[PDB]
């Protein structure tokens, strides 16, 4: 929901921004990368931590 | 690294794209949102799972 609303989906952005500069991305895209930036470095971490064998039901 | 290189940072994008349409975001930003999209729904999950008390050293 946050990744969808962050940029509000390129579908509407490209249009609302169509009447301006791509800076819209520098606004949303720059944060859209930072949002996943944390998730990018943490998720990889979560995957390694969880592994597969470990679970304990 | 993937969130940085995905869009290659708005700093360079806004410039390389400066000579074109914002579609660049629909290209990178749309995927930048999907990338975090998975992380957005999974990370929130990882946070809840990890909690704080549980750890077992």
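Chains as they are written, first to last, in the authors' numbering: chain A, 1 to 57; chain B, 1 to 57.
Don't be surprised by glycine CBs; every beta carbon is placed ideally from N, CA and C.
What is the rounded straight-line gap between the Cα of residue i and the Cα of residue j?
| i | j | result |
| --- | --- | --- |
| residue 29(A) | residue 9(A) | 11 Å |
| residue 53(B) | residue 19(A) | 51 Å |
| residue 15(B) | residue 31(A) | 17 Å |
| residue 47(B) | residue 25(A) | 28 Å |
| residue 41(B) | residue 49(B) | 13 Å |
| residue 21(A) | residue 23(B) | 11 Å |
| residue 57(A) | residue 17(A) | 49 Å |
Where do the N-terminal and C-terminal ends of the alpha helix (DSSP H) with residue i fall, by residue?
| i | result |
| --- | --- |
| residue 32(A) | 23-50 |
| residue 9(A) | 9-16 |
| residue 5(B) | 2-6 |
Check whether the Cβ atoms of residue i and residue j lie closer than 7 Å to each other.
| i | j | result |
| --- | --- | --- |
| residue 13(A) | residue 4(A) | no |
| residue 34(B) | residue 39(A) | no |
| residue 43(B) | residue 43(A) | yes |
Does the CB of residue i have a neighbour CB from chain A at under 7 Å?
| i | result |
| --- | --- |
| residue 37(B) | yes |
| residue 30(B) | yes |
| residue 47(B) | no |
| residue 52(B) | no |
Under a CB-based cut-off of 7 Å, is residue i close to chain B?
| i | result |
| --- | --- |
| residue 17(A) | yes |
| residue 57(A) | no |
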